[PDB]
Every structure is written in C-alpha cells, then in structure tokens.
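So the structure is just underneath, and the comments pick up after that.
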Amino acid sequence: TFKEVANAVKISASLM
Amino acid sequence: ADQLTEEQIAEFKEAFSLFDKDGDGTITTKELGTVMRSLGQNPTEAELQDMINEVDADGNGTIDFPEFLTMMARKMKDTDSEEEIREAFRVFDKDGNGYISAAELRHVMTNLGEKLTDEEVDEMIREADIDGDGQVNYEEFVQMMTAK
Numbered sequence: 495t496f497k498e499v500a501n502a503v504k505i506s507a508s509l510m
Numbered sequence: 001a002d003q004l005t006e007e008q009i010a011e012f013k014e015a016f017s018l019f020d021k022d023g024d025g026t027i028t029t030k031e032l033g034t035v036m037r038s039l040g041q042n043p044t045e046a047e048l049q050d051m052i053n054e055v056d057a058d059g060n061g062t063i064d065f066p067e068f069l070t071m072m073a074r075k076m077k078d079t080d081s082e083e084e085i086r087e088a089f090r091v092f093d094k095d096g097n098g099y100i101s102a103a104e105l106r107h108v109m110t111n112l113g114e115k116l117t118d119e120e121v122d123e124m125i126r127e128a129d130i131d132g133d134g135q136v137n138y139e140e141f142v143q144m145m146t147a148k
C-alpha cells in the first residue's frame with residue numbers, strides 16, 4: 495500500500 | 001476524546017500486521033534486518049539478534065508487541081525532515097525519475113516480508129495513482145506522509 499505502508503518503510507530510519 | 005482519526009489507532013495495528021506473519025505479534029529476526037534491504041542494502045541478521053535479544057523482554061525468540069518500538073527508541077532522539085522523508089522515498093522509489101515504478105513494492109514489499117508480484121502491488125500503486133498510471137510521482141506519495 496502506498497498510503498499506510500509509509501509508517502512501515504519509515505521505521506528503518508533508526509538503524510539506517 | 002476516544003478517537004481523532006481511526007488511521008492513527010486502527011491502521012497502526014494494520015502496520016504491525018505487515019511484519020508479523022504469525023498474527024500473534026512476533027516476527028523472525030531475519031525480517032527486521034531486512035529494513036536496510038528496502039534501501040537496496042545489506043541484511044543485518046547477526047546485528048538484529050543484537051536488537052531482538054535486547055527487545056525480547058517476554059523472550060519470544062522473535063519479537064513481541066510492546067518492545068518493538070524500543071529498538072527505534074534509542075535512535076528516536078530528534079527526528080529530521082527531508083532526511084527522514086528520503087528514508088522512505090528513495091527507499092520506496094527503485095528508480096526515482098519523478099515517478100515510482102510499479103514492480104517496486106513487489107521488489108521492496110517482498111523484502112519487507114510479504115512475497116508478492118506487481119499485481120498485489122498494483123492495488124498498492126493504484127492507491128497512489130488517481131489517474132491509474134501504474135506509477136507514483138512525488139505528489140501522490142507525498143500526500144501519504146501528510147496523512148500516514
């Protein structure tokens with residue numbers, strides 16, 4: 495999903 | 001008082017359902033390390049054991065519901081704007097030429113633990129495309145963050 499998934503892919507900003 | 005926007009409470013448990021394939025609230029340490037691989041990076045299998053190990057307070061072997069955001073907690077000290085935006089944008093757009101590619105989420109989302117073809121992503125890209133062009137520009141996906 496383009497709308498909801500944003501919070502899913504954005505959780506990679508801590509370790510990366 | 002109880003609800004402001006159903007997306008920030010209902011769709012959050014919709015986001016957890018994206019990683020946790022078992023539905024019990026636990027994912028393999030192989031997946032979480034794959035967060036880098038969405039950026040077209042390297043999988044941190046051994047290092048996420050260094051994070052699963054510390055977050056598995058209820059010791060699931062895997063990871064539980066409450067201790068999930070704690071790994072993000074350490075680095076969650078003052079978030080950036082466009083840097084945090086690109087950490088989802090170039091991470092999402094496999095090409096990045098004003099439009100986002102169709103077969104990208106089947107590439108990325110598959111890497112995020114849900115193995116599917118462009119077909120399943122097509123409904124995922126259609127949501128970003130009101131004109132049904134099968135690809136995502138800066139303006140449509142942008143809208144998705146002002147409304148995550």
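So the protein sequences, as listed, match chains B and A. Heads up: the first sequence begins at 495 in the deposited numbering, then just goes up one per residue. Heads up: the second sequence begins at 1 in the deposited numbering, then just goes up one per residue. Yeah, the Cβ is synthetic: ideal placement off N, Cα and C, and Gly gets one too.
I want to verify the contact list: residues of chain B whose CB lies under 8 Å from the CB of residue i, in sequence order.
{"i": "residue 125 of chain A", "result": "496"}
{"i": "residue 14 of chain A", "result": "498"}
{"i": "residue 41 of chain A", "result": "510"}
{"i": "residue 136 of chain A", "result": "496"}
Taking all protein chains shown into account, do 16 or more other C-beta atoms lie within 10 angstroms of the C-beta of residue i, making it buried, or fewer, making it exposed?
{"i": "residue 58 of chain A", "result": "exposed"}
{"i": "residue 37 of chain A", "result": "buried"}
{"i": "residue 111 of chain A", "result": "buried"}
{"i": "residue 101 of chain A", "result": "buried"}
{"i": "residue 31 of chain A", "result": "buried"}
{"i": "residue 9 of chain A", "result": "exposed"}
{"i": "residue 88 of chain A", "result": "buried"}
{"i": "residue 12 of chain A", "result": "exposed"}
{"i": "residue 128 of chain A", "result": "buried"}
{"i": "residue 140 of chain A", "result": "buried"}
{"i": "residue 135 of chain A", "result": "buried"}
{"i": "residue 104 of chain A", "result": "buried"}
{"i": "residue 125 of chain A", "result": "buried"}
{"i": "residue 130 of chain A", "result": "exposed"}
Mind reading off the beta-carbon distance from residue i to residue j? Whole number of angstroms is fine, and I expect it under 8 Å.
{"i": "residue 144 of chain A", "j": "residue 507 of chain B", "result": "16 Å between Cβ atoms; not a contact."}
{"i": "residue 503 of chain B", "j": "residue 91 of chain A", "result": "6 Å"}
Alpha carbon to alpha carbon, what distance is there between residue j and residue i?
{"i": "residue 71 of chain A", "j": "residue 33 of chain A", "result": "12 Å"}
{"i": "residue 76 of chain A", "j": "residue 28 of chain A", "result": "23 Å"}
{"i": "residue 54 of chain A", "j": "residue 46 of chain A", "result": "13 Å"}
{"i": "residue 61 of chain A", "j": "residue 132 of chain A", "result": "43 Å"}
{"i": "residue 498 of chain B", "j": "residue 148 of chain A", "result": "6 Å"}
{"i": "residue 510 of chain B", "j": "residue 74 of chain A", "result": "13 Å"}
{"i": "residue 56 of chain A", "j": "residue 19 of chain A", "result": "16 Å"}
{"i": "residue 96 of chain A", "j": "residue 35 of chain A", "result": "19 Å"}
{"i": "residue 51 of chain A", "j": "residue 6 of chain A", "result": "31 Å"}
Could you list which residues in chain B have their beta carbon closer than 7 Å to that of residue i, in chain order?
{"i": "residue 116 of chain A", "result": "Going along chain B, no residue has its Cβ under 7 Å from residue 116 of chain A, so there is no contact; the nearest lies around 12 Å."}
{"i": "residue 11 of chain A", "result": "498"}
{"i": "residue 141 of chain A", "result": "496"}
{"i": "residue 148 of chain A", "result": "500 and 501"}
Given that residue i touches chain B, what residues does it touch there, using C-beta distances under 9 Å?
{"i": "residue 75 of chain A", "result": "507, 508 and 509"}
Cβ-based contacts, 7 Å cut-off: residues of the region 81 to 113 of chain A near chain B: Flagged, chain order: 84, 87, 88, 91, 92 and 112.
Near-chain B residues of the region 15 to 28 of chain A (beta-carbon distance less than 8 Å), N- to C-terminal order: Taking 8 Å as the Cβ-Cβ cut-off against chain B, the residues of the region 15 to 28 of chain A that qualify are 15, 18 and 19.
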